[PDB]
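Structure record follows, encoded as C-alpha cells.
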Amino acid sequence: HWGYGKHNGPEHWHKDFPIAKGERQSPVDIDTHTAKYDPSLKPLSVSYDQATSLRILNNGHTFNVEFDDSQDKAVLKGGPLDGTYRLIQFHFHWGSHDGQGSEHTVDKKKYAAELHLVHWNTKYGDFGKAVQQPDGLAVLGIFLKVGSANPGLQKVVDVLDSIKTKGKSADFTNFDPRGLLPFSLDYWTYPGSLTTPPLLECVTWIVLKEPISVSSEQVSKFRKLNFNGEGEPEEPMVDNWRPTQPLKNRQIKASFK
Ligand SMILES: [Zn+2]
C-alpha cells in the first residue's frame, strides 16, 4: 500500500498518513555549524555484548535483522535518553548509486547508505505500546561511506542472496551488532519520527558523526534485493530512502564540542 515508487512513494504518503506533514518528521539535514554542544547530555552507553540475533527478512521495503527483545540483552542508555531502550531490529536505506542513499544528510551531503538500529523504551512493556509515545523509540543512525570492505557487514552481505524478494526470510543467529558501530560515539540528536509509514513521532534520533565503511562490492549486493514478491515483475530494491523534511520548531544538539 506504500512504497518508494512514483505512485506510492514519499511524496504521496501524506494522503493515508497525514502525520507526514507533522511537526517532528524525519529525516532532516544536519547543519554541523548550527548544531550546538549540549552539556546536559549524559554519556551514551551501548550494551550489546549479549545481543541475540534471530532472523533476516525482506519486508518489501528494506531488509531487517531481528533480535530477541524479550530481555535487556542489547540495550541503549544515556545520552539524551531517560531509561532503558531495547534493540528490536536493524535495517538499512541505500541508493541506486554511491552518491545517494542515506536518509539524514550532513551539510546537505548524502552518504551511500544509512544503518538504523531501532530500540524501544522498556517502561512501556512492548514495542507496540512504545511507538504510541513521544519517548517510545530511540534510533541509532550510522552512515555508510564507500571505501574498504567492512568485515562486520560481511555476514549480512553473504545471506542477502537468500532473501531476494518480498516476504523471504532466513535464519540469522549469532550476529554481533557491535561490529557495525564506529569507534567514536560522538553524535547529534533531535526529536523526530519513523522514516516510513506510519511515520509516528515517537523517536529520539541519535545520529553518529563517524561513518562506517562499505565496499562498492558490498553495497552492490544490497541493490540485488527486490521490492517485489516472487513471480512479480522485477523492481530492484534501490533508493529506499525518504528525503529530508523541514526541521520546524526543533533543535539539533551535539554530544561533542
Ligand atoms: Zn530506517
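Quick note on naming: the chains in the C-alpha cells go A, B, ... in the order shown, residues restart at 1 in each chain, and ligands are numbered from 1 in order of appearance.
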Sorted per-residue table, chain A near ligand 1, closest atoms and distance, 9 Å, only C-alpha atoms and all ligand atoms, as a tab-separated table:
```
residue	atom	partner	partner_atom_place_in_ligand_line	distance
A:62	CA	ligand 1	1 (Zn)	8.5
A:90	CA	ligand 1	1 (Zn)	7.9
A:91	CA	ligand 1	1 (Zn)	6.1
A:92	CA	ligand 1	1 (Zn)	6.1
A:93	CA	ligand 1	1 (Zn)	6.3
A:103	CA	ligand 1	1 (Zn)	7.9
A:114	CA	ligand 1	1 (Zn)	7.7
A:115	CA	ligand 1	1 (Zn)	6.9
A:116	CA	ligand 1	1 (Zn)	5.0
A:117	CA	ligand 1	1 (Zn)	8.0
A:118	CA	ligand 1	1 (Zn)	8.1
A:139	CA	ligand 1	1 (Zn)	8.4
A:141	CA	ligand 1	1 (Zn)	8.1
A:194	CA	ligand 1	1 (Zn)	7.2
A:195	CA	ligand 1	1 (Zn)	6.0
A:196	CA	ligand 1	1 (Zn)	7.2
A:241	CA	ligand 1	1 (Zn)	8.0
```
Take the residues just selected and output them with N, CA, C and O atoms as a PDB file, in the first residue's frame.
```
ATOM      1  N   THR A  62      12.827  -2.864   2.802  1.00  0.00           N
ATOM      2  CA  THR A  62      14.233  -2.982   3.174  1.00  0.00           C
ATOM      3  C   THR A  62      14.426  -4.416   3.642  1.00  0.00           C
ATOM      4  O   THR A  62      13.538  -5.257   3.461  1.00  0.00           O
ATOM      5  N   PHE A  90      17.616  -4.056  13.277  1.00  0.00           N
ATOM      6  CA  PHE A  90      18.268  -3.027  12.481  1.00  0.00           C
ATOM      7  C   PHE A  90      17.996  -3.253  10.997  1.00  0.00           C
ATOM      8  O   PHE A  90      17.645  -4.350  10.570  1.00  0.00           O
ATOM      9  N   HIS A  91      18.124  -2.185  10.213  1.00  0.00           N
ATOM     10  CA  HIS A  91      17.891  -2.249   8.777  1.00  0.00           C
ATOM     11  C   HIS A  91      18.675  -1.112   8.134  1.00  0.00           C
ATOM     12  O   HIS A  91      19.217  -0.252   8.823  1.00  0.00           O
ATOM     13  N   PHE A  92      18.682  -1.095   6.800  1.00  0.00           N
ATOM     14  CA  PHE A  92      19.430  -0.115   6.028  1.00  0.00           C
ATOM     15  C   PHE A  92      18.515   0.618   5.043  1.00  0.00           C
ATOM     16  O   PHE A  92      17.415   0.154   4.689  1.00  0.00           O
ATOM     17  N   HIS A  93      18.990   1.786   4.613  1.00  0.00           N
ATOM     18  CA  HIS A  93      18.485   2.511   3.459  1.00  0.00           C
ATOM     19  C   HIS A  93      19.659   2.757   2.528  1.00  0.00           C
ATOM     20  O   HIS A  93      20.753   3.069   2.999  1.00  0.00           O
ATOM     21  N   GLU A 103      19.369   8.727   4.551  1.00  0.00           N
ATOM     22  CA  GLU A 103      18.176   9.489   4.871  1.00  0.00           C
ATOM     23  C   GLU A 103      18.560  10.844   5.464  1.00  0.00           C
ATOM     24  O   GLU A 103      18.235  11.894   4.900  1.00  0.00           O
ATOM     25  N   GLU A 114      22.587   4.248   4.954  1.00  0.00           N
ATOM     26  CA  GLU A 114      22.408   4.581   6.356  1.00  0.00           C
ATOM     27  C   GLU A 114      21.841   3.376   7.088  1.00  0.00           C
ATOM     28  O   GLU A 114      20.908   2.735   6.605  1.00  0.00           O
ATOM     29  N   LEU A 115      22.407   3.100   8.258  1.00  0.00           N
ATOM     30  CA  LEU A 115      22.013   1.993   9.119  1.00  0.00           C
ATOM     31  C   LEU A 115      21.188   2.533  10.270  1.00  0.00           C
ATOM     32  O   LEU A 115      21.575   3.525  10.882  1.00  0.00           O
ATOM     33  N   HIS A 116      20.049   1.903  10.539  1.00  0.00           N
ATOM     34  CA  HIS A 116      19.183   2.252  11.656  1.00  0.00           C
ATOM     35  C   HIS A 116      19.080   1.075  12.615  1.00  0.00           C
ATOM     36  O   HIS A 116      18.550   0.024  12.246  1.00  0.00           O
ATOM     37  N   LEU A 117      19.533   1.273  13.853  1.00  0.00           N
ATOM     38  CA  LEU A 117      19.308   0.326  14.944  1.00  0.00           C
ATOM     39  C   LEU A 117      18.153   0.855  15.813  1.00  0.00           C
ATOM     40  O   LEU A 117      18.260   1.922  16.424  1.00  0.00           O
ATOM     41  N   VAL A 118      17.042   0.113  15.845  1.00  0.00           N
ATOM     42  CA  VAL A 118      15.777   0.554  16.421  1.00  0.00           C
ATOM     43  C   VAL A 118      15.633  -0.051  17.811  1.00  0.00           C
ATOM     44  O   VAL A 118      15.746  -1.274  17.982  1.00  0.00           O
ATOM     45  N   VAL A 139      16.494   5.585  17.974  1.00  0.00           N
ATOM     46  CA  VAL A 139      17.069   5.004  16.771  1.00  0.00           C
ATOM     47  C   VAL A 139      18.470   5.544  16.631  1.00  0.00           C
ATOM     48  O   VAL A 139      18.681   6.761  16.629  1.00  0.00           O
ATOM     49  N   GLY A 141      21.435   6.032  14.229  1.00  0.00           N
ATOM     50  CA  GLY A 141      21.644   6.157  12.801  1.00  0.00           C
ATOM     51  C   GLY A 141      23.124   6.274  12.507  1.00  0.00           C
ATOM     52  O   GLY A 141      23.822   7.083  13.132  1.00  0.00           O
ATOM     53  N   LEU A 194       9.524   7.945  12.901  1.00  0.00           N
ATOM     54  CA  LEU A 194       9.820   6.894  11.939  1.00  0.00           C
ATOM     55  C   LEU A 194       9.936   7.515  10.559  1.00  0.00           C
ATOM     56  O   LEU A 194       9.212   8.458  10.232  1.00  0.00           O
ATOM     57  N   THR A 195      10.834   6.976   9.731  1.00  0.00           N
ATOM     58  CA  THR A 195      11.006   7.499   8.375  1.00  0.00           C
ATOM     59  C   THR A 195      10.219   6.716   7.338  1.00  0.00           C
ATOM     60  O   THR A 195      10.316   7.021   6.144  1.00  0.00           O
ATOM     61  N   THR A 196       9.430   5.749   7.773  1.00  0.00           N
ATOM     62  CA  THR A 196       8.493   5.033   6.937  1.00  0.00           C
ATOM     63  C   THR A 196       7.113   5.120   7.566  1.00  0.00           C
ATOM     64  O   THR A 196       6.993   5.313   8.778  1.00  0.00           O
ATOM     65  N   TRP A 241      14.854   5.374   0.484  1.00  0.00           N
ATOM     66  CA  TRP A 241      15.110   6.443   1.442  1.00  0.00           C
ATOM     67  C   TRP A 241      14.077   7.545   1.270  1.00  0.00           C
ATOM     68  O   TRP A 241      13.610   7.817   0.156  1.00  0.00           O
TER      69      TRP A 241
END
```
Next item on the list: Mind listing the strand (DSSP E or B) residues of stretch 101-256 of chain A, per DSSP on the backbone, as a ChimeraX atom specification?
Entry: /A:105-106,109,113-121,137-146,169-171,187-192,203-208,212-214,226,236,253-254
Go ahead and save the residues from that selection, with C-alpha atoms, as a PDB file, in the first residue's frame.
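So the final result, stored in selection-v3.pdb, reads:
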```pdb
ATOM      1  CA  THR A 105      22.241  14.445   5.279  1.00  0.00           C
ATOM      2  CA  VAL A 106      25.200  16.306   6.787  1.00  0.00           C
ATOM      3  CA  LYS A 109      25.765  15.750   1.744  1.00  0.00           C
ATOM      4  CA  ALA A 113      23.678   4.201   2.814  1.00  0.00           C
ATOM      5  CA  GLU A 114      22.408   4.581   6.356  1.00  0.00           C
ATOM      6  CA  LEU A 115      22.013   1.993   9.119  1.00  0.00           C
ATOM      7  CA  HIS A 116      19.183   2.252  11.656  1.00  0.00           C
ATOM      8  CA  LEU A 117      19.308   0.326  14.944  1.00  0.00           C
ATOM      9  CA  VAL A 118      15.777   0.554  16.421  1.00  0.00           C
ATOM     10  CA  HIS A 119      15.263   0.402  20.200  1.00  0.00           C
ATOM     11  CA  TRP A 120      12.165   0.793  22.360  1.00  0.00           C
ATOM     12  CA  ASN A 121      11.633   2.151  25.855  1.00  0.00           C
ATOM     13  CA  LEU A 137      11.782   4.764  20.494  1.00  0.00           C
ATOM     14  CA  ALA A 138      15.483   5.521  20.182  1.00  0.00           C
ATOM     15  CA  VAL A 139      17.069   5.004  16.771  1.00  0.00           C
ATOM     16  CA  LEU A 140      20.806   4.956  16.278  1.00  0.00           C
ATOM     17  CA  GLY A 141      21.644   6.157  12.801  1.00  0.00           C
ATOM     18  CA  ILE A 142      25.009   5.288  11.249  1.00  0.00           C
ATOM     19  CA  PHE A 143      26.256   6.480   7.876  1.00  0.00           C
ATOM     20  CA  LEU A 144      27.983   4.165   5.408  1.00  0.00           C
ATOM     21  CA  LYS A 145      30.774   5.622   3.260  1.00  0.00           C
ATOM     22  CA  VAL A 146      32.109   3.620   0.307  1.00  0.00           C
ATOM     23  CA  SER A 169      13.408 -14.721   5.435  1.00  0.00           C
ATOM     24  CA  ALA A 170      16.385 -16.754   6.642  1.00  0.00           C
ATOM     25  CA  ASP A 171      17.824 -17.915   9.949  1.00  0.00           C
ATOM     26  CA  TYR A 187      26.587  12.092  17.906  1.00  0.00           C
ATOM     27  CA  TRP A 188      23.864  14.557  17.012  1.00  0.00           C
ATOM     28  CA  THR A 189      20.392  14.201  18.492  1.00  0.00           C
ATOM     29  CA  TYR A 190      16.928  15.588  17.833  1.00  0.00           C
ATOM     30  CA  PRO A 191      13.255  14.541  18.331  1.00  0.00           C
ATOM     31  CA  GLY A 192      11.617  13.015  15.264  1.00  0.00           C
ATOM     32  CA  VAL A 203      11.752   8.718  18.035  1.00  0.00           C
ATOM     33  CA  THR A 204      14.753  10.156  19.809  1.00  0.00           C
ATOM     34  CA  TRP A 205      17.258  10.203  16.940  1.00  0.00           C
ATOM     35  CA  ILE A 206      20.921   9.631  17.783  1.00  0.00           C
ATOM     36  CA  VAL A 207      22.937  10.106  14.558  1.00  0.00           C
ATOM     37  CA  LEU A 208      26.633   9.212  14.810  1.00  0.00           C
ATOM     38  CA  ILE A 212      31.487   3.116   8.909  1.00  0.00           C
ATOM     39  CA  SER A 213      32.926   1.824   5.638  1.00  0.00           C
ATOM     40  CA  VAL A 214      31.341  -0.403   2.996  1.00  0.00           C
ATOM     41  CA  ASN A 226      13.976  -6.664  -4.941  1.00  0.00           C
ATOM     42  CA  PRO A 236      15.175  -3.628  -7.772  1.00  0.00           C
ATOM     43  CA  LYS A 253      22.122  19.100  19.620  1.00  0.00           C
ATOM     44  CA  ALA A 254      25.690  17.769  19.541  1.00  0.00           C
TER      45      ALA A 254
END
```
Notebook entry, point to check: In terms of the shortest atom-to-atom distance over only C-alpha atoms, which of A:82, A:49, A:107, A:72 is closest to residue A:33?
Noted result: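 Using only C-alpha atoms, the shortest distance to residue A:33 belongs to A:107.
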Margin query: Would you pick out the contacts of residue A:28 at 10 Å or less, using only C-alpha atoms, so that residues sharing its chain but fewer than 3 positions from it are not included, and give the list as a PyMOL selection string?
Written below: chain A and resi 24-25+31+103-106+108+190+192+242-247+252
Just the selected residues (N, CA and C atoms), exported as a PDB file, in the first residue's frame, please.
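And here is the file that came out, part-v1.pdb:
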```
ATOM      1  N   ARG A  24       7.298  17.008  13.663  1.00  0.00           N
ATOM      2  CA  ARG A  24       8.534  16.347  14.088  1.00  0.00           C
ATOM      3  C   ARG A  24       8.860  15.171  13.172  1.00  0.00           C
ATOM      4  N   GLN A  25       8.982  15.453  11.875  1.00  0.00           N
ATOM      5  CA  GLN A  25       9.223  14.409  10.884  1.00  0.00           C
ATOM      6  C   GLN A  25      10.707  14.253  10.609  1.00  0.00           C
ATOM      7  N   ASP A  31      22.925  20.501   9.976  1.00  0.00           N
ATOM      8  CA  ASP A  31      23.862  21.605   9.735  1.00  0.00           C
ATOM      9  C   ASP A  31      24.909  21.595  10.843  1.00  0.00           C
ATOM     10  N   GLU A 103      19.369   8.727   4.551  1.00  0.00           N
ATOM     11  CA  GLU A 103      18.176   9.489   4.871  1.00  0.00           C
ATOM     12  C   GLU A 103      18.560  10.844   5.464  1.00  0.00           C
ATOM     13  N   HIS A 104      19.286  10.835   6.575  1.00  0.00           N
ATOM     14  CA  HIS A 104      19.876  12.069   7.048  1.00  0.00           C
ATOM     15  C   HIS A 104      20.957  12.523   6.075  1.00  0.00           C
ATOM     16  N   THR A 105      21.124  13.831   5.983  1.00  0.00           N
ATOM     17  CA  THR A 105      22.241  14.445   5.279  1.00  0.00           C
ATOM     18  C   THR A 105      23.021  15.285   6.281  1.00  0.00           C
ATOM     19  N   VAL A 106      24.284  15.556   5.941  1.00  0.00           N
ATOM     20  CA  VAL A 106      25.200  16.306   6.787  1.00  0.00           C
ATOM     21  C   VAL A 106      25.709  17.452   5.930  1.00  0.00           C
ATOM     22  N   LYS A 108      24.073  18.944   3.848  1.00  0.00           N
ATOM     23  CA  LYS A 108      23.413  18.643   2.582  1.00  0.00           C
ATOM     24  C   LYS A 108      24.105  17.532   1.797  1.00  0.00           C
ATOM     25  N   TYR A 190      18.096  14.741  18.006  1.00  0.00           N
ATOM     26  CA  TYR A 190      16.928  15.588  17.833  1.00  0.00           C
ATOM     27  C   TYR A 190      15.686  14.712  17.924  1.00  0.00           C
ATOM     28  N   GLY A 192      12.226  13.223  16.569  1.00  0.00           N
ATOM     29  CA  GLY A 192      11.617  13.015  15.264  1.00  0.00           C
ATOM     30  C   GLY A 192      10.719  11.812  15.175  1.00  0.00           C
ATOM     31  N   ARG A 242      13.702   8.137   2.394  1.00  0.00           N
ATOM     32  CA  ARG A 242      12.848   9.318   2.417  1.00  0.00           C
ATOM     33  C   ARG A 242      13.712  10.576   2.341  1.00  0.00           C
ATOM     34  N   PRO A 243      13.359  11.575   1.550  1.00  0.00           N
ATOM     35  CA  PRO A 243      14.143  12.815   1.542  1.00  0.00           C
ATOM     36  C   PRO A 243      13.970  13.582   2.841  1.00  0.00           C
ATOM     37  N   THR A 244      14.880  14.523   3.069  1.00  0.00           N
ATOM     38  CA  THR A 244      14.850  15.254   4.318  1.00  0.00           C
ATOM     39  C   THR A 244      13.609  16.141   4.398  1.00  0.00           C
ATOM     40  N   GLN A 245      13.163  16.357   5.631  1.00  0.00           N
ATOM     41  CA  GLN A 245      11.953  17.071   5.974  1.00  0.00           C
ATOM     42  C   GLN A 245      12.304  18.340   6.748  1.00  0.00           C
ATOM     43  N   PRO A 246      11.387  19.307   6.810  1.00  0.00           N
ATOM     44  CA  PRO A 246      11.701  20.578   7.488  1.00  0.00           C
ATOM     45  C   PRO A 246      11.937  20.398   8.985  1.00  0.00           C
ATOM     46  N   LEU A 247      12.944  21.101   9.498  1.00  0.00           N
ATOM     47  CA  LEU A 247      13.242  20.995  10.922  1.00  0.00           C
ATOM     48  C   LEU A 247      12.123  21.570  11.786  1.00  0.00           C
ATOM     49  N   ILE A 252      18.825  20.664  16.687  1.00  0.00           N
ATOM     50  CA  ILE A 252      19.729  19.524  16.675  1.00  0.00           C
ATOM     51  C   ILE A 252      20.872  19.814  17.645  1.00  0.00           C
TER      52      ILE A 252
END
```
Notebook entry, point to check: Got a sec: who's within 10 Å of residue A:54, counting only C-alpha atoms, leaving out chain neighbours fewer than 3 positions off, as number ranges by chain?
Noted result: A: 51, 65-68, 89, 170-175
Please produce a file of the residues just selected, as an mmCIF file, in the first residue's frame, where the atoms kept are N, CA, C and O atoms.
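Final output, again.cif:
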```
data_model
loop_
_atom_site.group_PDB
_atom_site.id
_atom_site.type_symbol
_atom_site.label_atom_id
_atom_site.label_comp_id
_atom_site.auth_asym_id
_atom_site.auth_seq_id
_atom_site.Cartn_x
_atom_site.Cartn_y
_atom_site.Cartn_z
ATOM 1 N N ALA A 51 23.739 -9.543 22.815
ATOM 2 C CA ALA A 51 22.748 -9.432 21.748
ATOM 3 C C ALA A 51 22.506 -10.787 21.113
ATOM 4 O O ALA A 51 23.448 -11.540 20.855
ATOM 5 N N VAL A 65 17.234 -7.167 10.253
ATOM 6 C CA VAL A 65 17.787 -8.178 11.130
ATOM 7 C C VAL A 65 17.089 -8.040 12.475
ATOM 8 O O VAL A 65 17.170 -6.985 13.127
ATOM 9 N N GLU A 66 16.408 -9.112 12.885
ATOM 10 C CA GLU A 66 15.564 -9.126 14.073
ATOM 11 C C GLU A 66 16.331 -9.693 15.263
ATOM 12 O O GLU A 66 17.078 -10.663 15.117
ATOM 13 N N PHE A 67 16.119 -9.099 16.442
ATOM 14 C CA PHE A 67 16.766 -9.517 17.679
ATOM 15 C C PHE A 67 15.738 -9.943 18.714
ATOM 16 O O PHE A 67 14.621 -9.419 18.761
ATOM 17 N N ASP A 68 16.151 -10.865 19.581
ATOM 18 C CA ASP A 68 15.350 -11.219 20.758
ATOM 19 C C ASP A 68 15.324 -10.033 21.710
ATOM 20 O O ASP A 68 16.356 -9.667 22.285
ATOM 21 N N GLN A 89 15.447 -4.444 16.154
ATOM 22 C CA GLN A 89 15.889 -4.800 14.799
ATOM 23 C C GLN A 89 16.829 -3.723 14.304
ATOM 24 O O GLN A 89 16.852 -2.610 14.840
ATOM 25 N N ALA A 170 15.402 -15.714 6.366
ATOM 26 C CA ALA A 170 16.385 -16.754 6.642
ATOM 27 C C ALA A 170 16.809 -16.691 8.106
ATOM 28 O O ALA A 170 16.801 -15.624 8.733
ATOM 29 N N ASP A 171 17.181 -17.850 8.644
ATOM 30 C CA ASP A 171 17.824 -17.915 9.949
ATOM 31 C C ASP A 171 19.058 -17.032 9.970
ATOM 32 O O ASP A 171 19.850 -17.013 9.017
ATOM 33 N N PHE A 172 19.237 -16.291 11.067
ATOM 34 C CA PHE A 172 20.384 -15.394 11.137
ATOM 35 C C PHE A 172 20.826 -15.226 12.592
ATOM 36 O O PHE A 172 20.664 -14.180 13.215
ATOM 37 N N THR A 173 21.435 -16.272 13.140
ATOM 38 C CA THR A 173 21.807 -16.282 14.544
ATOM 39 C C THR A 173 23.281 -15.915 14.716
ATOM 40 O O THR A 173 24.091 -15.993 13.786
ATOM 41 N N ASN A 174 23.610 -15.472 15.927
ATOM 42 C CA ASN A 174 24.994 -15.210 16.342
ATOM 43 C C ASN A 174 25.648 -14.058 15.582
ATOM 44 O O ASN A 174 26.877 -14.033 15.434
ATOM 45 N N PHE A 175 24.869 -13.102 15.097
ATOM 46 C CA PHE A 175 25.434 -11.893 14.516
ATOM 47 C C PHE A 175 25.661 -10.851 15.610
ATOM 48 O O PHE A 175 24.759 -10.572 16.405
#
```
Notebook entry, point to check: Which one of A:193, A:218, A:59, A:84 sits closest to residue A:150 if you count only C-alpha atoms?
Noted result: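 That would be A:218, the residue with the smallest distance to residue A:150.
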Next item on the list: Find the residues around residue A:73 up to 9 Å (only C-alpha atoms counted), leave out those fewer than 4 positions away in its own chain, and share them as a ChimeraX atom specification.
Entry: /A:47-52,68-69,86-87
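Shortest atom-to-atom contact with residue A:255 among A:99, A:158, A:209, A:168: A:209, counting only C-alpha atoms.
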Notebook entry, point to check: Quick one: of A:181, A:200, A:164, A:256, who's nearest to residue A:231, counting only C-alpha atoms?
Noted result: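 Distance minimum relative to residue A:231 lands on A:164.
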Next item on the list: Rank nothing, just name the residue among A:219, A:257, A:177, A:23 nearest to residue A:35, using only C-alpha atoms.
Entry: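 Of all the options, A:257 lies closest to residue A:35.
Backbone DSSP of stretch 104-219 of chain A yields alpha helix (DSSP H) at residues 127, 128, 129, 130, 151, 152, 153, 154, 155, 156, 157, 158, 159, 216, 217, 218 and 219 of chain A.
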Note to self: Residues within 6 Å of residue A:166, please, as a PyMOL selection string. Count only C-alpha atoms; anything in the same chain fewer than 2 positions from it doesn't count.
What the structure shows: chain A and resi 58-60+168+227-229
Would you export the selected residues with N, CA, C and O atoms as a PDB file, in the first residue's frame, please?
```
ATOM      1  N   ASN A  58      13.289  -9.855   4.156  1.00  0.00           N
ATOM      2  CA  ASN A  58      12.953  -8.829   3.178  1.00  0.00           C
ATOM      3  C   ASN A  58      11.472  -8.498   3.366  1.00  0.00           C
ATOM      4  O   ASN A  58      10.620  -9.351   3.141  1.00  0.00           O
ATOM      5  N   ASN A  59      11.154  -7.275   3.815  1.00  0.00           N
ATOM      6  CA  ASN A  59       9.758  -6.914   4.036  1.00  0.00           C
ATOM      7  C   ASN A  59       9.148  -6.124   2.872  1.00  0.00           C
ATOM      8  O   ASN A  59       8.044  -5.568   3.010  1.00  0.00           O
ATOM      9  N   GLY A  60       9.816  -6.096   1.720  1.00  0.00           N
ATOM     10  CA  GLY A  60       9.358  -5.360   0.560  1.00  0.00           C
ATOM     11  C   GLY A  60       9.737  -3.900   0.554  1.00  0.00           C
ATOM     12  O   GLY A  60       9.422  -3.199  -0.423  1.00  0.00           O
ATOM     13  N   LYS A 168      10.541 -13.116   1.926  1.00  0.00           N
ATOM     14  CA  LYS A 168      11.521 -14.150   2.213  1.00  0.00           C
ATOM     15  C   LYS A 168      12.256 -13.814   3.490  1.00  0.00           C
ATOM     16  O   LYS A 168      12.492 -12.642   3.806  1.00  0.00           O
ATOM     17  N   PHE A 227      12.108  -5.190  -4.401  1.00  0.00           N
ATOM     18  CA  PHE A 227      10.914  -4.760  -3.671  1.00  0.00           C
ATOM     19  C   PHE A 227       9.772  -5.760  -3.831  1.00  0.00           C
ATOM     20  O   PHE A 227       8.910  -5.879  -2.939  1.00  0.00           O
ATOM     21  N   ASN A 228       9.706  -6.405  -4.989  1.00  0.00           N
ATOM     22  CA  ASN A 228       8.575  -7.214  -5.398  1.00  0.00           C
ATOM     23  C   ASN A 228       8.635  -8.600  -4.768  1.00  0.00           C
ATOM     24  O   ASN A 228       9.682  -9.074  -4.321  1.00  0.00           O
ATOM     25  N   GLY A 229       7.481  -9.250  -4.739  1.00  0.00           N
ATOM     26  CA  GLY A 229       7.428 -10.640  -4.345  1.00  0.00           C
ATOM     27  C   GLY A 229       7.764 -11.557  -5.502  1.00  0.00           C
ATOM     28  O   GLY A 229       7.849 -11.156  -6.664  1.00  0.00           O
TER      29      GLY A 229
END
```
Notebook entry, point to check: So how far away is atom CA of residue A:27 from atom CA of residue A:77, in Å?
Noted result: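 Computing the Euclidean distance for atom CA of residue A:77 and atom CA of residue A:27 yields 22.0 Å.
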Checklist line | residue A:5 surroundings by only C-alpha atoms, 10 Å radius, close-in-sequence under 5 positions cut, as a list in words | finding: residues 10, 11, 12, 227, 235, 239 and 240 of chain A
Checklist line | Selected residue, from A:53, A:238, A:7, A:63, that lies nearest to residue A:176 when counting only C-alpha atoms | finding: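 Closest to residue A:176, using only C-alpha atoms: A:53.
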